[PDB]
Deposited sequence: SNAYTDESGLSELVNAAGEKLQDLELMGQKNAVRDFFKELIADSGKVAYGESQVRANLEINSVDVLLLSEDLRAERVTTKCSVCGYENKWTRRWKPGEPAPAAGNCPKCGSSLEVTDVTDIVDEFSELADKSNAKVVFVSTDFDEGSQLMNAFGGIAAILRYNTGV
């Protein structure tokens, strides 16, 4: 009378849990494949916000790895008169990012967009047909991902050396 009884909940419920376990199977093997590419050197890996960003901007990323714990936004700012601009990543916490003055012409800067980092990197991934994988902060692999590698890694299609 107030909750399912025909047992479709239990059915739909069933598949759902199995799929999750498939997820973590994919998330594990993926971190591991990043590791296996890293060890074998190759120069076919990359990790950290700055290093992984530049590869995405040249479509070199085969597989993109992001921790389920990434708490950080990318802030773009632009000068209201001259062509000055800058971007940078700030860890989000409870107001909003500010815009001071132009170090070029002294005019007031203004923030033109804020985007969580996981957004920007998925937009670029999608762009270059990179595969997008997420990694919960549970299994050690997915833990180290955030601990060491800034919670952003990647297996590359080729060695940019970058």
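Gaps between the deposited sequence and the modelled structure occur at positions 1-2, 97-98.
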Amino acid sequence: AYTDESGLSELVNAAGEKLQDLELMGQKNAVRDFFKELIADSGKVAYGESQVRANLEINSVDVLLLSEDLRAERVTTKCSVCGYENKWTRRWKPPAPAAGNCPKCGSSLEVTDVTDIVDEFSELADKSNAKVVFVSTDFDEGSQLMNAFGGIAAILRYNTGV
From here on, numbers count along this sequence of modelled residues.
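Set 125-133 against 51-59 and average the Cα temperature factors; 125-133 ends up higher. A summary of the deposited B-factors shows that, of 150-158 and 5-13, the stretch with the larger mean C-alpha value is 5-13.
Of the candidates 100, 106, 26, 95, the PDB record gives 95 the highest C-alpha temperature factor. When the C-alpha B factors of 119, 69, 113, 37 are read from the deposited coordinates, the top value falls at 69.
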